[PDB]
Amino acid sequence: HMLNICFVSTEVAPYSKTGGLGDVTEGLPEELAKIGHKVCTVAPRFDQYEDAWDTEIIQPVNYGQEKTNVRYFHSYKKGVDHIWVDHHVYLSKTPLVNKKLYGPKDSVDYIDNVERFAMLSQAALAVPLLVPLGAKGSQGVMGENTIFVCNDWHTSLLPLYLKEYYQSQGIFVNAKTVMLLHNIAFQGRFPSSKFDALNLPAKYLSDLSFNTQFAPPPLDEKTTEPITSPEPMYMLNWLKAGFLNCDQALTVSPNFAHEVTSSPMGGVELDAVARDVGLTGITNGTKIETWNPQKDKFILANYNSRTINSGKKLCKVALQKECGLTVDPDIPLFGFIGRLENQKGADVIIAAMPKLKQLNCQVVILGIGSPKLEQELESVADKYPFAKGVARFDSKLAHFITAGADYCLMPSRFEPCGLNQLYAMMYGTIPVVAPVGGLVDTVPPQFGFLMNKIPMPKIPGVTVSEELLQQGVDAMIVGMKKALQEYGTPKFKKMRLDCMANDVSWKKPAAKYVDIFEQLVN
């Protein structure tokens, strides 16, 4: 019958979000509540969310070696309890709303992320014991028969604290932990000198231990250059410890799970740990409410599969005009939306421009990240009239692109699942994607086209060489040409309808989570 599920993360859309993590922790818990399970999320109170009330509960926790208290705020929406951990170090980092969750600059992290996120894991464990759930806390607390779902490296110490602080005294004796991995590139690698700040005994030292040549940039809150080394140096790795201490490790697509366990490249050095522990993938779904052509509240014309020829053409012409491009619904249009970071291959699209004019297509690119990627992005229209770059976070334009574009272009170098392609398919927009991770799972040949592989930099941190960049360009264009060969044909029309008929909701994947959860507690 009824499961008790407590999701712990740094992000819960629409309150806090830097990407897909927030969308999953919004959508999956809502679907689980819909099925009838008791579900809550726990995350930091980064802003004074209007629908959240102070519960008046205070809980002592450690902020590094300092003893401190958190307060818990509580909101309730669509059958899900959202618990927010309140502390000066979460709220007062910036007056700006839903910005700078992980650091002040783009790639730069707060020095004190160790203390901040260790404190989150400690604070979350008390929630099932203390916070009354339901509409206005009428349902009482979740209790000890709880499954903690730890999302990504930020919460990966929770299983250690569960054992050390609770189960060692006979509390939560039957509670379970699930490590839900969204992205293996970030693992909570910290210097070993930060061990004392965790307030854990030495019995967990071996699980935390790690050797590598690739450290993140040093904890000085400005330096952006990662520390590569000729020698392999000793450090801590939170995600490793999380894998070794959880009851089960999951991730966000079967093919990504395969990649992680199959090689040091795919698992970013945690492949053997993932193999040892076992790692299963479940492809993300998505919510339909905000993203569907029938009810979309931003685009110029709503449509469904029957009226796609009318409404989508109008959206296309609207996108074209909005971007300063020649208005003509017969020119195939490619749209990119994503972080301007190595993972997503925005640098490949920009570098591909000289070769792209030959294809007789339009390209629209929307993203934020590196100052000089953003500067390059905005300059693209000058040299290339068929293309347009916009360096902003802009939901309205994202909606215009998803509806108006013929193709959704994702030249990712790695992609645990991806969300753009799911949205795109619901709008009848055809994905053209890199053959990596969950893009392989979500875009079979009936729905879209695969590129050749976009090659990674020879080592992390190292800016990709002009050599490998150009291989990516060629690899992307192979995929685009495959797609353009069918553009405008009866097969094109059919592929759009097949995309729109493709069910990408949380219904099926949520059911798979429930099966895994039921096995853990029985």
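All residue numbers refer to positions in the sequence shown, first residue = 1.
Colleague: Out of 443 to 451 and 236 to 244, which one has CA B-factors that are higher on average in the deposited record?
Modeller: Here the higher of the two C-alpha B-factor means belongs to 443 to 451.
Colleague: Could you check the entry and say whether 193 to 201 or 322 to 330 has the higher mean CA B-factor?
Modeller: The recorded data point to 322 to 330.
Colleague: Taking the Cα B-factors listed in the entry, which of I171, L377, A185, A118 comes out highest?
Modeller: The record points to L377.
Colleague: Sorting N62, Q470, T41, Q48 by Cα temperature factor from the record, which one lands on top?
Modeller: Answer for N62, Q470, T41, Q48: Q470, with the highest C-alpha B-factor.
Colleague: Where does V131 sit by CA temperature factor within its chain: lowest, middle or highest third?
Modeller: Its C-alpha B-factor, which the entry lists for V131, ranks in the lowest third among residues of this chain.
Colleague: Compare the C-alpha B factor of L520 with those of the other modelled residues in its chain, then answer lowest, middle or highest third.
Modeller: Middle third - that is where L520 ends up once the chain's C-alpha B-factors are sorted.
Colleague: By the recorded C-alpha temperature factor, relative to the other modelled residues in its chain, which third is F210 in?
Modeller: For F210, the deposited C-alpha B-factor lands in the middle third.
Colleague: Looking at the temperature factor on the CA atom of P457, which third of the chain's modelled residues does it land in?
Modeller: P457: CA B-factor falls in the highest third of its chain.
Colleague: For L3, does the deposited CA B-factor place it in the lowest, middle or highest third of the chain?
Modeller: For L3, whose C-alpha B-factor we compare with every modelled residue in the chain, the answer is the middle third.
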